[PDB]
Every structure is written in C-alpha cells, then in structure tokens.
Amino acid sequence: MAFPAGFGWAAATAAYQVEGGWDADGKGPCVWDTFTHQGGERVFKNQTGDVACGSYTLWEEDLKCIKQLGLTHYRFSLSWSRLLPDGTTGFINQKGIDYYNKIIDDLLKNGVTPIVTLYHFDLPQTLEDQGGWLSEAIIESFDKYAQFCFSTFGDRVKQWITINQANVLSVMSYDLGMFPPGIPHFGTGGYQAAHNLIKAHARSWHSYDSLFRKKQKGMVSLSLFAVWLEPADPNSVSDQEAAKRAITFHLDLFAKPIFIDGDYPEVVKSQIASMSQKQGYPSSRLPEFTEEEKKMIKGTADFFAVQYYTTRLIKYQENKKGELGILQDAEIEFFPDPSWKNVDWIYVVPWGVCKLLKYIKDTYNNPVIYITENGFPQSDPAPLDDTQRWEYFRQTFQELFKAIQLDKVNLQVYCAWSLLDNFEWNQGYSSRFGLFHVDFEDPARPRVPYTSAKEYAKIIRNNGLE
C-alpha cells in the first residue's frame, strides 16, 4: 500500500489543548479559561488548560517530536486571545506574534508545512461577553481577526482552517451548552450560532480571496466534524432515509452553503420550519440566508477539511410530541453497534472513514480533501507500548488507501490528532490522544513516544504500509 507521491502526513494540536501560558505575556482570557476556572465538575476533576502540555514554553520540545516523526505538515491553531487580548487589533500582543512566527519559521526551516487554524473552540472572553456566535457582531470581529492573521503570517502560511469544526462548536457551545459559555438553548442556539459561523467563515474567505490570495497564493477552508452513519436496520427504509438525513443535518448543513449553493439543505430547512411552526414560533428556528448572503457564502472553500473518529447507527424516531431539539428536528436516534470496540465515545469503525470520504467525493464534486483530525484516545492507565491502538491506526490507514486507490478520493493530507496527549476538553487529561505521552504531574511536562509514534514515523518514511 504505497500512498501518492507527495502525500501529506501530519499531526495536530490546538492552542487551548496544548499551550498553557493562559495569561502569560499579556494574553487575554478565552472562554475556556473562564469555563475551567469556574469548576463545578464540568471538566474531569475540575482540570484546566492553565498549563496543559506547556507548549507555549516548550515549543522546542514539540519541534523535536515533529522532527522525530518526520511529518510533512503540522496542524496547530492560533490563540485569538493570545494575539488580540480583547479580540481586536486595538491592542496586539507582539509576544503572541513572535511565538507563532517562531513555530512557522522553525517548521519551514525543517521542511514541514504549516496548516494553521485561526479559531479552535476558544473565543476571547470579551467577544463571548458581546454575545459570541449568537450575535451578528461576531462576523466582523472574526473577519478582522482573520485579516490580521493573513497579513501577519500569510507570507509563509499557505494552508488555513478559519474555524475548527463549526458544526460541533455550534452544538456544544450554544445548543447543548456543554462547552463555554455553558447555557443550553436546545433547538435554537445551535442554528443561530451556525448561521453566524457560516457567514463569518465566508466573509473571511472573501477577505483572503480579494486581499491576500494574489500575493500569498494559499488556500482557505473550515473543518467539519463528521460521524459516518448507517441505518440501524439495513432493510428499514425509514432508517435508510434517517441515516441519510442525519448526515445532511450534521455535515451538509454547513458544507452545502459553503461548497454548493450558499444555502442550507432543503430537508434541514423543511424539517425545522415545519417543527418550528407547530411549536408556536413566528419564525423557523433556523435563520434564513438572505439572497445576498447566499451569494457571498457560495463557493467559499478551497478544499474539504474533515474530522473523523467514529461511526453510529441511526434509527428513525418520529417527533410525535413536537419536542424541542436538533435530534428531534432530524427525527433520529443514534447508537453504537454493540459489537464495536470503544474508548470513550470513539467506537472503532475504520471503514467509516472510507464511506465518509467517498460521500465527500460524491456530494462535493470530488474536492481536495484534508483529514484535519483523526485518531484514538487511550484511557488511564495508558501503556506506552500501545500496540492495540496502533492496530486501529493501521486499519484506518488501510481504509484511507482503499478510498484513494479504489474510490479515487483526492485525499492529500492525513492529520493525526494529536502530536501530544493534551487537554481533551470536558474529559480533561483523562483521554490521551497523543502520539507522544506527556506527564502532566511533572512540571517539565516531558514528552515520550508511544509505540504509535515510532510506527507512524515508519509509515511516513515508507510513504505507506504493508
């Protein structure tokens, strides 16, 4: 199984998850600083990213990891509140700029290509206090942030993710309220946030296109969380239609307006409007794009960035009562096949990635695809000699090979989440996705390879597997 010559082998981190230095050198607070510091068991053992892997302090140790692996690309994110403490260029933290420039320069001198995420679940607290993604104000705040990043780093960065997993962000932060700012708005906040996320992304793409592309000649997209979905009963038509609809809801809701025609999927619009009307809303809970917004949003992605971890079965679940929520709008329930292995919510279903990639090819006109996050967590106690997890990677790589070779999917980059064990959001440090083990009890936060790191390096060296 030899991959395409020039295939990109990457690993990924995100700023809140690895950096620490949460208030170092004039950095502003982000919503996770606020959220974690508030405690009340919303995170595992009330843990925080105050220090995390210490990558703000220990970038040189990250670079060693990256060099050992022989990555061709490295994905990391910029901390908006580190660069722009109040979210705006009124005040710019040069030490923030200098830190990210050092990563970018050190990458390039080592022949590693940066893939840079502007925003990864970590709003400046000031902008969240201004309504965050529930207010229209965010669009311009984000656009000006994106322009500042393009202007500052774009001379050396040619691959950008504007927003990490906008679909997960809108649900977790604003619908379920499991992420900051932590207020449930079931069936309303997710769609309201999604509307602004989609628009902020599109505006930032146009800013790149009209101001930076000619000179910098890079490409810009946003990443999306994707769970592959199969009908619970393969013979049930309602389940087949349900699995389709669940994909359309969670994935195409964002990808269709950006990649296809500037508007939401029709079944999304119809299910929500219909539900919304029976619930007594004077408006659909799904905000409409205006004709001008549809025109601005359409075609604002230079490649398809996807995250994949797992698959679910889907069963139709009629919303008889007119209950409020996204699942009830989609009229579905989801569950694993009881035969699947899991660690936390990651049920091991490597063929799901193949099906997802072929779906992306078929639905989004055979785009360039980057897998910007994929991997496997271990629980505590996590063995350094993680031979079972590595087996899961190997099965995943065989499926990527299948997608490329059999299905002719234009997958060009694969990025392992993560370079490092890190702060897994509400799981805190209890969930270890790293290729490198980090000891969070030791103040030096030493990095030590798992077996998966040594094995991944060999895949990279050989550009494929046997």
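One-based numbering along the sequence shown.
Using only the Cα atoms and their B-factors as the entry lists them, report which of 337-345 and 353-361 averages higher.
Taking the mean C-alpha B-factor of 337-345 and of 353-361, the larger value falls to 337-345.
Mean CA B-factor: is it higher for 130-138 or for 232-240?
Higher mean C-alpha B-factor in the PDB entry: 232-240.
Between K321, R75, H201, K158, which one tops the list for Cα B-factor in this entry?
Out of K321, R75, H201, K158, the record gives the largest C-alpha B-factor to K321.
Comparing recorded Cα B-factors across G111, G154, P114, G375, which one is largest?
Answer for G111, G154, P114, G375: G111, with the highest C-alpha B-factor.
Sorting by Cα B-factor within the chain, modelled residues only, which third would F289 end up in: lowest, middle or highest?
For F289, whose C-alpha B-factor we compare with every modelled residue in the chain, the answer is the highest third.
In terms of the chain's CA B-factor thirds, is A457 lowest, middle or highest?
Its C-alpha B-factor, which the entry lists for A457, ranks in the middle third among residues of this chain.
With respect to C-alpha B-factor, does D50 fall in the lowest, middle or highest third of the chain as deposited?
For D50, whose C-alpha B-factor we compare with every modelled residue in the chain, the answer is the middle third.
Within this chain, which third does the Cα B-factor at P4 fall in: lowest, middle or highest?
According to the entry, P4 has a C-alpha B-factor in the chain's middle third.
Taking only the Cα B-factors deposited for this chain, tell me whether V43 sits in the lowest, middle or highest third.
As the PDB entry reports it, the C-alpha B-factor of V43 lands in the highest third of its chain.
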